[PDB]
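Protein chains in written order, with the entry's author numbering: chain D, 6 to 209; chain A, 1 to 329, 373 to 446; chain E, 2 to 198; chain B, 35 to 414; chain F, 1 to 407; chain C, 7 to 254.
Positions of the beta carbon are idealized from the N, C-alpha and C atoms, including for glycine.
For reference, the structure is listed below as structure tokens.
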Ligand SMILES: Cc1cc2nc3c(=O)[nH]c(=O)nc-3n(C[C@H](O)[C@H](O)[C@H](O)COP(=O)(O)OP(=O)(O)OC[C@H]3O[C@@H](n4cnc5c(N)ncnc54)[C@H](O)[C@@H]3O)c2cc1C
Ligand SMILES: CCCCCCCCCCCCO[C@@H]1O[C@H](CO)[C@@H](O[C@H]2O[C@H](CO)[C@@H](O)[C@H](O)[C@H]2O)[C@H](O)[C@H]1O
Ligand SMILES: CCCCCCCCCCCCO[C@@H]1O[C@H](CO)[C@@H](O[C@H]2O[C@H](CO)[C@@H](O)[C@H](O)[C@H]2O)[C@H](O)[C@H]1O
Ligand SMILES: CCCCCCCCCCCCO[C@@H]1O[C@H](CO)[C@@H](O[C@H]2O[C@H](CO)[C@@H](O)[C@H](O)[C@H]2O)[C@H](O)[C@H]1O
Ligand SMILES: Cc1cc2nc3c(=O)[nH]c(=O)nc-3n(C[C@H](O)[C@H](O)[C@H](O)CO)c2cc1C
Ligand code: FES
Ligand code: FES
Ligand code: NA
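Structure, rendered in structure tokens:
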């Protein structure tokens, strides 16, 4: 066995750069590295568990009602993780906030559930969830770095660039806080990824 | 009757006198291979061969049965070839009076002639090449037919000769030619003219249509768009009035008629007028003793659409009825293109398709109705200085090839 | 009346794609060709106009607290119930494409199934429960959100078709420039930011 | 050694016009607005300064601002008796550095992309640089101008392949970047007059607060009449104020055929219709409802955008029918943002940007309808 | 557990209602039973197959066999079929190998096409008439250093029906074959001992199907001559597996048996009076030989015929005696050959170099009408790509050149 | 086959629903306790009283917070079990609540309780500050906040959102300490006794009396906060009570 499957979806098949999945969550939580980091962990854990369970029942999934089966696994796990967290570790439970809904609709969770879980054994399927969530977090956190540093002078809430509001020479950039900045930053990440990995460039 | 408002008449100095005179004697003539669209020649002559008036010089590999015959009797003095051995011209030195004759018929029988009989005489004599299909502006296939044959009895090109003056001298031949076209067409014959009067055909098949307005009004493509819109499955044939006179002469006298009246005009033409010459006449000899001193450009055809008559191409083109002489001197649409396009098209989008090479989209927008000359004005007014005539042929060649 | 205002909120002011940034994964994927983009937009309207009002009745009749019985609130069965309902329509939709599937089934491929799991569709149900919309308002809202989503996707497809004449660097070609194009589109949709209701 | 007819059939005559000549025409068309803008920029600043300070206090202010004592050094006077030479000179000290910064920073990106990608430099940047510099507040920091042009040139134009290959207006895209990234410097009461320590709302902000009667020049205490807004003797972006100057330049480029009169007509139609509709409906609370069309014309940047930016040929629709729709949407959107969007006093930049997104769709509806006529052979 | 029970049943009710609608929709929208596909409109050729699988799989099971080289990858495009109805529009990958004009006719790739509903097919006689036979090896002697002549004999006694330039698909199962098993003459063995190609051992993991052109003119009956080139790893990639099908053929000797799976091919001459020009290379000597033999006795053609074979050394040359007889017996046909690298002992005094430039510098350069000649080519891609470029530079239309590159 | 599909969907549906239903109902009780303890923790945090651990919060909250009931229609103290008053449940019943009109419902709240609990912070035997619960509809969920108003009845001492379901990063920034800390020192009313706290999109001018920066990229959630304060500080909310607080 090897780490190739884990690291494949980081830079070779990034779920947001090469594939088009999970973009909606990228634009909302990439305003902070803290929220982004928690979102990556949540997507990694859920994707891996859900992918694992679908593999167990892959041979038995009917294509007619596959989506229902796939969503039920994902929704049940997300609801339980939320309920378990609310009862114990309630402080963190508030942290999961609306991320219960935001992980169910993350296209990575269902996308890998059909492309991979349906055509792979559960053990390797789990590795797929960890790997895909990692690449999702590579993009999420890279965008989070620029948006938080340039838009707030802060990384993980720690002030790197002094703010004028605190007698600091740096004036924050307001566009980095809104959705469009993420669109532009992600596009430029794709540019860097596809200019260093020309294999992924789209044909003409 | 049909009035055109969107267009442009270039007011270039040196318009012809519109009086037919005799041009300088021509002792050299050629047929230009590259003019015929998609024509790959099968040569029937060699340098030094003696040829008759209507003797076959070469054949089209991709248009079997089409014979390109000599314009004059004489000797083959060269066969110019370019990159990849593309036939540029087959030059024949005029000499003698020999000709190949054909069947002759009475004027009252031409309208009643069998269609296959007309095609054979036209193909054997080489006059079949006068026809061009609109959807590709190629010589029609021998076995093909068209329900609509368009006669261009008008000339709105700058410095162009007046068709009425030429047609007036050959009224009987012109009427005889229309009768033949009446039998040749499956449908109707469209005589597209200006308001001026012309000899008329007694056949109900031959309908006269008047077009008035600026330059684009006189193009067969314009006439087809208004009378018989063309597509892949609706093919029209185009022929100009002087070829119609040639058709009438062939079926009345049984001989290939090769004389032509062309306007020699331009800013550097001392006495711009109409001159009698021959098909494929050498333009270097034709303009001799008629141009002002200096570095000038001889153009076969109009300045808008025409071939630079230099080197192997310094001969009158097959579809050209004028010689213009001039002195040698990114798709940002500001609304110039629409002003010169009277057709029901979105010209800026169409030209963008040609620039981008979107052949399928250009087909949807009406590229199939177009010849290069229909895009000459758009090329003229282009701030980016694109040459859309070339882009259109590239798109049309792509459609023919993939299609 | 009030309804026209609701329809205006869910099309322009609350454009799910360019204003709320919902459904970007399918929106940034099938955006190349107007005909395919229009087909997906039509299907999204079909899914949205059916998903929201049906979930509204189920929520108000079953999941609503103290609705089926007094003292029992099946609120915790909200996400699972809704996504399952959304998934069902998608499952029916896949077959329905088989009648009009050549034009979109081949192009959509993996994303036809992914319509379920679209931030746009789940979110619309959430707003129908986070807010209180009658059945008539749920239908007007659901149809309006879909139409606004279609306007954005069809618009992005128009822009991309226009880019046939563009000269995009390789590496940005396809997804990279599309993200930049969508970011630019969102910039111009921020004209409604102050608009309220 | 003998090219084929292809290369030889090129139209033997061409129109005198070229893209280079088109850009200079647009570049010259804004000179009247630009020159008045500098004159207006100095006049507004000098009046506010005398209204806020006098005596040695004014001298200290003049000494602590390089814009002021540089005008004194070159022969101008900061006193209220200053003539047009000193006012234009003072305004130049603000415009020229902005225009120079925008030209240099934006030009660097233009050449860099052409150099790396083996493209030849394009002259379209002349219009982008001048227009961007003439639509920013006079007090805009230079470092923000550099970023604004960088976003507009790179993100909006270059990454799409350069001039003629983008879909969004580059100059307005740059302004939007500064508008949303640094709103404090391009929105409010401290940026539209160059009198340090002066607070003044521009006309549109004032009408939205109270009414047309609230239209006052705080520095002079005199009411702002429609004539004032029309000529451009009002606070604002250097270049937008004078509707008269813009019309003079707009007339030339429209006459030359560089700017589309269908787009301009559409903008007016949309503005007049919607503003008149708001007038009839009325609103006892929203003062913007009662602004007539003729006031909308001479306020804000409506004139500059309609004449010099909505007419950006590349970002507009490519069909004559679409051009009307494109312009009407701009005019409707501008009034809507002006009237019913509290956040924004003017909405032209956002309005044009909104219309840029939908111009390609309008063309598609039109072009697909032509194909339906064509597939029917136009009923012939 | 009062609320737990109620939620569980209410959840199931919601799910049952949703699935029931889907199941109801499936019944009224998805076809049931088996899929019936009509082949050429003939009821006998109509195939009834259950839903699922690609078209290339269902057709092979029936009595009609469709030629395929890449298989279930949609790459070669030799499996194009005419779908009168069903199947929708052409997939984007298919367009890469099918032009739009062809799409109008209805051409589609069976492998790339997934069978899910009733479809209509019009397969031709050649594809329908495929017969599987297992010939007996007579000779497998080496013609050259890396070329072997195979004399496969049909056991049914009846000769093979095929056109000149055709080919037969050879199918073999998984099998491990060592190059040492090959028997080579001393002449070619010496060249082989320098690099020791006998060291290679091939292990075909799965059954394979390949194509091999014919080297017997039709009048030759009972024998399928074929010329086979041994497959060895690429000159630039030694770290590659050795030949699998060619190696298997080489391992065979007298008495061995192999399958031909019927004939196929689309390489043929034109029934006209135009001058013919042949350009052979390597294994290409099989189809070229059939053309020359076909045009000398099968047709007794008086048209001018020329042959230009590219060889590297005299050792590489084979079939020389047959070519000499045809040229001597009939003057209308003339053959020539040039050595790209003559051996020191060859002492060749004729043409030297590549036929790319040799043919031009000798015949086509002074030819008055090179375009008015039919050209047929078969050889290494370098020779073919270079030759066609030279022919194109002479104004030879593609319709006047037929290419049958074997790789 | 129909038989297999019904079996799997039913079986999968049952196991997953049982797990979800058991987790939600069973852990609900622990969740209910944890959430209640949080509100006492929030009231103390906004009050400026540091407490840590359930017993310290419960003990310090009971001693230091003086819940009282107030009638909004009159803004005067009333008698009831303030310590055990659930304003949320009351607002749902017409007996102890009213329905707001479209014009009146600035906070977008469907209903408003007739009587609402307030909390008095007492350093000694007197009120050093009053904490007022305000709620208004957000984009995704209702947002409930505590506002600590000084005895002046005008100055705001502290703000905290004790219930929110907005998206973290965008709308969940009502919990961000920097944003909450920005409220300290702001004034709820103008000279004319009209609501003046305004959420400024793009950032309020520094030092603003009534200017709090809005949540970046979260206009809808910021609108809810404005809508929350625009109603509860108004006539039908705590407006009358704050005038009375202001005079005594
Ligand atoms: C119409 C037609 C006629 C033909 N006629 C002939 C003919 O007369 N004679 C003839 O010899 N061939 C002919 N061929 C070619 C034939 O199809 C085979 O390519 C050939 O027989 C060699 O078979 P192979 O599978 O061993 O080659 P391959 O193994 O497919 O060739 C690949 C090359 O790399 C090596 N290799 C082997 N396995 C691998 C692997 N897994 N990955 C990478 N490299 C690998 C091989 O040694 C070889 O050098 C014809 C083909 C067609 C279409
Ligand atoms: C792709 C998305 C868009 C890409 C562009 C976004 C880039 C964002 C990072 C921009 C950072 C600029 O950072 C900025 O540097 C300038 C340079 O003096 C500083 O400028 C500071 O000093 C200058 C010196 O004259 C003063 O005039 C100015 O008033 C003051 O702010 C700013 O205080 C600082 O905030
Ligand atoms: C073809 C080229 C034409 C060139 C320009 C065309 C402009 C034509 C005029 C468009 C209509 C003007 O529209 C009319 O304008 C006047 C101001 O002048 C408005 O006059 C006023 O009336 C309303 C009363 O309701 C007031 O609230 C408000 O002060 C203003 O609107 C009228 O309400 C409006 O009905
Ligand atoms: C904010 C306001 C501005 C935006 C709103 C106004 C524009 C509305 C655009 C709607 C989308 C474009 O709609 C476009 O319409 C044309 C006809 O006009 C359709 O027409 C075309 O598609 C249909 C599909 O069935 C086919 O028959 C055929 O190819 C053609 O008719 C296009 O397929 C569709 O893409
Ligand atoms: C009439 C006209 C108007 C133009 N307006 C603008 C403009 O508003 N902004 C701009 O950046 N460039 C403008 N340009 C320059 C150029 O056309 C424009 O930037 C295109 O969007 C791409 O180069 C204009 C050019 C012309 C001819
Ligand atoms: S549609 Fe929202 S994550 Fe894909
Ligand atoms: S088997 Fe090769 S494309 Fe079908
Ligand atoms: Na406004």
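- Identify which residue in 10(F), 402(F), 249(F), 87(F) has its Cα closest to the Cα of residue 265(F). Walking along the fifth chain from the start, residue 265(F) turns up at place 265. Residue 265(F) has its Cα closest to that of 402(F), out of 10(F), 402(F), 249(F), 87(F).
- Message: Measuring straight from C-alpha to C-alpha, what distance separates residue 142(D) and residue 78(D)?
- Response: Stepping through the first chain from its first residue, residue 142(D) is reached at position 137. Stepping through the first chain from its first residue, residue 78(D) is reached at position 73. For residue 142(D) and residue 78(D), the distance between alpha carbons rounds to 22 Å.
- Query: Is residue 73(B) near ligand 8, in the sense that its beta carbon is under 7 Å from a heavy atom of that ligand?
  - Reply: Within the fourth chain, the letter at position 39 stands for residue 73(B). Result no, Cβ not under 7 Å from ligand 8.
- Message: Restricting to Cα atoms, I'd like to know which of 114(F), 203(F), 51(F) is closest to residue 81(F).
- Response: Along the fifth chain, read from residue 1 onward, the residue named residue 81(F) stands at position 81. Ranking 114(F), 203(F), 51(F) by Cα distance to residue 81(F) puts 114(F) first.
- Task: Using the Cα positions of residue 147(E) and residue 106(D), report the straight-line distance between them to the nearest angstrom.
- Result: Looking up residue 147(E) in the third chain gives position 146. Looking up residue 106(D) in the first chain gives position 101. Taking the straight line joining both Cα atoms gives about 20 Å.
- Task: Taking residue 275(B) as the reference, give the member of 329(B), 38(B), 300(B) with the closest Cα.
- Result: As a working mapping, residue 275(B) is identified with position 241 in the fourth chain. Here the closest residue by C-alpha is 329(B).
- Task: Please report how far the alpha carbon of residue 257(A) lies from the alpha carbon of residue 365(F), in whole angstroms.
- Result: Taking the second chain and counting its residues from 1, the one referred to as residue 257(A) is at position 257. Taking the fifth chain and counting its residues from 1, the one referred to as residue 365(F) is at position 365. Near 39 Å, if we compare the C-alpha coordinates of residue 365(F) and residue 257(A).
- Message: Can you list, in chain order, the residues of its chain with a C-beta nearer than 7 Å to that of residue 184(A)? Leave out the 5 residues immediately preceding and following it.
- Response: In the second chain, counting from the first residue as 1, residue 184(A) sits at position 184. 115, 118, 149, listed in sequence order.
- Query: Is any heavy atom of ligand 4 found at a distance shorter than 7 Å from the C-beta of residue 403(B)?
  - Reply: By one-based count along the fourth chain, residue 403(B) stands at place 369. Indeed, a heavy atom of ligand 4 lies less than 7 Å from the Cβ.
- Query: Starting from residue 233(C) and walking both ways along the alpha helix (DSSP H), at which residues does that stretch end?
  - Reply: Taking the first residue of the sixth chain as 1, we reach residue 233(C) at position 227. Here the alpha helix (DSSP H) through residue 233(C) covers 225-238.
- Query: Can you pull every residue whose C-beta falls closer than 7 Å to some heavy atom of ligand 7, listed in chain order?
  - Reply: 56(F), 68(F), 69(F), 70(F), 71(F), 72(F), 73(F), 74(F), 75(F), 76(F), 77(F), 78(F), 79(F), 97(F), 109(F), 110(F), 111(F), 112(F)
- Query: Of the residues 118(F), 259(F), 171(F), 179(F), which one's Cα is nearest the Cα of residue 153(F)?
  - Reply: Position 153 of the fifth chain, counted from the start, is the residue given in the question as residue 153(F). Of 118(F), 259(F), 171(F), 179(F), the residue nearest in Cα terms is 259(F).
- Message: Quick check: the Cα distance between residue 305(F) and residue 141(A), rounded to an integer number of angstroms?
- Response: Counting from one through the fifth chain, the residue named residue 305(F) turns up at place 305. Counting from one through the second chain, the residue named residue 141(A) turns up at place 141. In a straight line, the C-alpha of residue 305(F) is about 32 Å away from that of residue 141(A).
- Query: For chain D, is any of its Cβ atoms less than 8 Å away from the one on residue 172(C)?
  - Reply: Here residue 172(C) refers to the residue found at position 166 when the sixth chain is read from its first residue. It does; some Cβ of chain D falls within 8 Å.
- Task: Return the residue from the list 120(A), 170(A), 28(A), 253(A) that minimises the CA-CA distance to residue 106(A).
- Result: For the purposes of this step, residue 106(A) is taken as residue 106 along the second chain, with counting starting at 1. Ranking the options by Cα distance to residue 106(A), first place goes to 253(A).
- Task: Give the secondary structure of residue 102(A) by DSSP, where H, G and I count as helix, E and B as strand, and everything else as coil.
- Result: Looking up residue 102(A) in the second chain gives position 102. If DSSP states are grouped into helix, strand and coil, residue 102(A) belongs with coil.
- Message: Can you check which of these residues, 79(E), 27(E), 15(E), 72(E), is closest to residue 59(E) by C-alpha distance?
- Response: As a working note, residue 59(E) is residue 58 in the third chain. Per the Cα distances, 79(E).
- Message: Tell me which residue opens and which closes the beta strand (DSSP E) that residue 114(F) is part of.
- Response: For the purposes of this step, residue 114(F) is taken as residue 114 along the fifth chain, with counting starting at 1. Segment: none, residue 114(F) is in no beta strand (DSSP E) and carries neither H nor E.
- Should residue 233(C) and residue 61(C) be called a contact, given that it needs their Cβ atoms to be closer than 8 Å? Taking the first residue of the sixth chain as position 1, residue 233(C) is located at position 227. Taking the first residue of the sixth chain as position 1, residue 61(C) is located at position 55. No, these two residues do not count as a Cβ contact at 8 Å.
- Could you tell me whether the Cβ of residue 5(D) comes closer than 8 Å to any Cβ of chain B? Not covered by the structure: residue 5(D). The range shown for chain D is 6 to 209.
- Under 7 Å by beta carbon: chain B residues contacting residue 378(A): Position 335 of the second chain holds residue 378(A). Those are 291, 294, listed as they occur along chain B.
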